[PDB]
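*Asks:* Below is a structure I'd like to ask you about.
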């Protein structure tokens, strides 16, 4: 019916003890103007997080799409420009992380396409 056998087997019980740390901190992601940028990070255990920018908190709406799946968080941003660039933080319970997002400029002058 519906059972895709992958082969890779590995069972691990999920406990709810001890503190939570970061396994894959954010990484310097570079995007192009007029494009779509999206960051991703993996945690040690499922938990709430907060995206900060320099010295302010961000929100989820249209231009900014916030999504989370277990221990895999991500933040999509449509309608790039240049201001979006900066220092994206991510505090999870106690620990915290920060990255550097860069926004390039669209292709100008004589170009093929």
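Start at 1 and count along the chain as shown; that gives each residue its number.
Here the Cβ of each residue, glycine as well, is placed from N, Cα and C on the backbone.
So the PDB entry lists these for the protein:
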{"type": "SEQADV", "residues": "1-7", "note": "cloning artifact"}
{"type": "SEQADV", "residues": "108-113", "note": "cloning artifact"}
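Not my notes, these are from Swiss-Prot:
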{"type": "DISULFID", "residues": "41-90", "note": "disulfide bond"}
{"type": "DOMAIN", "residues": "19-102", "note": "domain 'Ig-like 37'"}
*Asks:* Would you count the other CB atoms within 10 A of the CB of residue 90 (disulfide bond), including those on all shown protein chains?
*Replies:* 21
*Asks:* Please list residues from the chain of residue 41 (disulfide bond) whose Cβ is under 8 angstroms from its Cβ, counting only those at least six apart in sequence.
*Replies:* 22, 24, 25, 26, 72, 73, 74, 90, 97
*Asks:* Please state whether DSSP places residue 41 (disulfide bond) in a helix, a strand or coil.
*Replies:* strand
*Asks:* In the three-state scheme derived from DSSP, which category covers residue 90 (disulfide bond)?
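*Replies:* Its secondary structure by DSSP: strand.
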